[PDB]
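Listed below are the residues making up each chain.
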Amino acid sequence: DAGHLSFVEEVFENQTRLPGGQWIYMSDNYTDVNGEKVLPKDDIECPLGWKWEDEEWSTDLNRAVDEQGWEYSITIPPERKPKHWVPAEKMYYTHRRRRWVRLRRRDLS
């Protein structure tokens, strides 16, 4: 009854392609919201003292994503990376990502 802290981990699965081409995996390929590498979701461990509450990672289709959980972008060059993501695939989009989440908890007592 001391309660627990909760935290939802969030990581992004990234893919790219050439216009009109097939999607493939980035070098990093898992990152956070802004582009920094993290490990593949399935290899991600809780910090010391925490445990997973959700049995599985999940991807939330109520967000602005397509029916498989992807949002899409393109780099608009003055910029160095994608900045604005959208739910619909268009043939000239070169980047896409899928947001995966999983709840963990830490008991206070």
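Residues numbered from 1 in each chain as written, not as in the entry; some residues may be left out. Heavy atoms only, no water.

- Per the deposited record, X-ray crystallography is how this structure was determined, to a resolution of 1.901 Å.

**Points about the environment of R98**
Phase 1 of the analysis: Looking at the element boundaries, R98 is found in strand β5 (residues 95–107).
Phase 2 of the analysis: Given a relative accessible area of 14%, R98 falls into the buried group.
Phase 3 of the analysis: A sequence separation of 38 residues divides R98 from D60, and the C-alpha atoms of the two residues are 9.2 Å apart.
Phase 4 of the analysis: The residues touching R98, leaving out its near neighbours within four places in the chain, are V11, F12, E13, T59, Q68, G69 and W70.
Phase 5 of the analysis: Side-chain polar atoms of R98 contact the side chain of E13, separated by 2.9 Å.
Phase 6 of the analysis: Side-chain polar atoms of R98 contact the backbone oxygen of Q68, separated by 2.9 Å. (Helix = DSSP H or I, 4+ residues; strand = E, 2+ residues; numbered from the N terminus. Buried < 20%, exposed > 50% of the residue type's maximum accessible area, 1.4 Å probe, protein only. Contact = heavy atoms within 4.5 Å. Polar contact = N/O pair within 3.5 Å; in protein donor to acceptor, adjacent residues only side chain to side chain.)

**Describing the pattern of salt bridges**
Phase 1 of the analysis: All chains considered together, the criterion is met by nine salt bridges.
Phase 2 of the analysis: Here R97 makes a salt bridge to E71, at a shortest N to O gap of 2.8 Å. Of the two residues, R97 sits in strand β5 while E71 sits in strand β4 (residues 70–73), which places them 26 residues apart along the sequence. Each of the two residues, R97 as well as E71, counts as buried.
Phase 3 of the analysis: One network of salt bridges, with partners in common, ties together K51, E53, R105 and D107. (Salt bridge = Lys/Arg side-chain N within 4 Å of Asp/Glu carboxyl O.)

**With respect to the side chain of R104**
Phase 1 of the analysis: Mapped onto the elements of the fold, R104 is located in strand β5.
Phase 2 of the analysis: On the accessibility criterion, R104 (9% relative accessible area) is buried.
Phase 3 of the analysis: Here the side chain of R104 touches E9 through a polar contact of 2.7 Å, side chain to side chain.
Phase 4 of the analysis: If sequence neighbours within four positions are ignored, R104 has contacts with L5, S6, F7, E9, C46, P47, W50, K51, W52 and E53.

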